[PDB]
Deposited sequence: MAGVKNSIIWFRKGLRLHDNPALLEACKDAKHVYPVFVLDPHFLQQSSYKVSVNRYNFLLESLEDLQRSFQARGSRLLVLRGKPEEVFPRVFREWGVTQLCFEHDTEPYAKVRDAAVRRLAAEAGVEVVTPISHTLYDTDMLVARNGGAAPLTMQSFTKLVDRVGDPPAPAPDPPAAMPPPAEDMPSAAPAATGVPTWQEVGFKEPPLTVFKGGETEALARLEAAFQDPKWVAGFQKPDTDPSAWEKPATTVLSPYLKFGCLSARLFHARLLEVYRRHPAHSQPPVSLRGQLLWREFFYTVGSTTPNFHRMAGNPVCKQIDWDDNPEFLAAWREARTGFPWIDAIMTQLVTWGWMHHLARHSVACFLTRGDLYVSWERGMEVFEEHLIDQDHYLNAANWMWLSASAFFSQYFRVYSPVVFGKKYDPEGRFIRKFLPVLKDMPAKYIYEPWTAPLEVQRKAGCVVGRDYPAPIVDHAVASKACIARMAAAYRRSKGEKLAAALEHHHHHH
């Protein structure tokens, strides 16, 4: 008989899941498993993203119960849990979605060896990315493209991505009862207070495949907005109704299928001939994700500066004071401090909002390494993706892909062109709520008489700007110009 396990790591969804489909076929029992490490908070992880995963597990649990099944959240390390349940459950097949992250390769290669000794067939279809990334590299001549222009020419030569896999059956083969390691008391979906966190999450985006599909249909309700989407023209200050899809946390965890997203976009494009093209279109946004996955999975030390052959070696400053002020949203620039407050409360910011704080920390003002800023985003971003966070931090620091280090965003003017009244600043920095709009971006320029009436005296309620932007930017550009010469 066939008893199989569908191991969830990414791909927390039932739609477009070829690993689930293979696990249920001709199977008498199916064991849906997520492997949790209860000592994860003991070694980095804000409660905003960890609860987003827990909410995603509760969504899989309810979807499995409605099909006569149950989600099994096992505790411990994978290599120490699977050899036990392989024999206990009589497993003959193990299926999980292929991942290309560094820890994933060394982890899944060990689980494959443990399954081989147990006589367990391993099936690992590709469904997290649009394409087989190793196939794109093979078709390009054995090397990943380093420009988006060439990458777009490659995927259009390859053709369309595979269509989304059909939905699973209405009822699924259930796990065998009275199995000890599958007891409900030891295989439940925990909450955030149970895993060590002591402060509740404040993010407004709830996890789960159902929330992913609900936000998907929300974006596609205006088909002309989807067809004419241009990423650089979106508004970073819009928070009540974000100017972009806000599907990044659901794509990172696999709550939403990228191949379903791409398939729905083509349906619109076929009925809208003047639709936008890459790299500014919505489809182009998915190809940016596919671009960085293709390069990141083929570049050693892609998350570091040293040993990274694609990254430029720049003499960044070791400045804890500048990092601590930038990390704690006390820079003195309301536009920057507000985006860093949205980071720690929501775990998500608009793409150009991340441009402002990444440029300010790296090549624009403080000249701190992008690795330090990536570590901060890794803690708070609910969409933190190993290959996307690193690639865009290297982009913004002009260390890879992007080299126009003369383009420096102003922490004063960049937000003014979208939000002159500064409602984005007043929302996330309520201390500046009563400041007139003339000084909302430069409160230190307000007269003392006005600062006292707003309840916001600079230096007492809101800090003074840590640096003069005109002085700091002129120094960073010169240091980058020296580095870009030293780099030959």
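Not built in the structure, per the record, are deposited positions 1 to 3, 47 to 49, 495 to 509.
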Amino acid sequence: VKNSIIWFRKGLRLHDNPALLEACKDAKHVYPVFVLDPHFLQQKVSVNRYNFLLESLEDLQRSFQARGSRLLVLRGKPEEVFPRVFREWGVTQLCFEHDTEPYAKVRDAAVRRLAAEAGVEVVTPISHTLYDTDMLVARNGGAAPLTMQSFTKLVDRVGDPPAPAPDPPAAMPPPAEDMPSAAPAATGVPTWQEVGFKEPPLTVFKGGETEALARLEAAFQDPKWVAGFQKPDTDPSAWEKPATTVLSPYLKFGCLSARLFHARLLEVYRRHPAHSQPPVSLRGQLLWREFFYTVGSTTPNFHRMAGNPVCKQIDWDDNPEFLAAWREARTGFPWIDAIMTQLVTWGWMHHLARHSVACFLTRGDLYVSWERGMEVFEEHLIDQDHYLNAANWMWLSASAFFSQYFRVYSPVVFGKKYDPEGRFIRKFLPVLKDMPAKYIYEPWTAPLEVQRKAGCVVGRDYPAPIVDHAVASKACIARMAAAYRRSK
From here on, numbers count along this sequence of modelled residues.
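As recorded in the PDB entry, 139 to 147 is the stretch of 181 to 189 and 139 to 147 with the greater mean C-alpha temperature factor. For the two regions 356 to 364 and 111 to 119, the entry's Cα B-factors average higher over 111 to 119. Among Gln277, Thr92, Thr298, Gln384, the highest C-alpha B-factor recorded in the PDB entry belongs to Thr298. Reading the B-factor column for the CA atoms of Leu74, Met305, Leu130, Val268 in the entry, the top value corresponds to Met305.
The PDB entry assigns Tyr462 a C-alpha temperature factor belonging to the middle third of its chain's modelled residues. Sort the chain's modelled residues by C-alpha temperature factor and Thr124 lands in the lowest third, per the entry.
In the PDB entry, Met480 places in the highest third of its chain by CA B-factor.
In the PDB entry, a CA B factor belonging to the lowest third of its chain's modelled residues is recorded for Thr203. Sort the modelled residues of the chain by CA B factor and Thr152 lands in the highest third.
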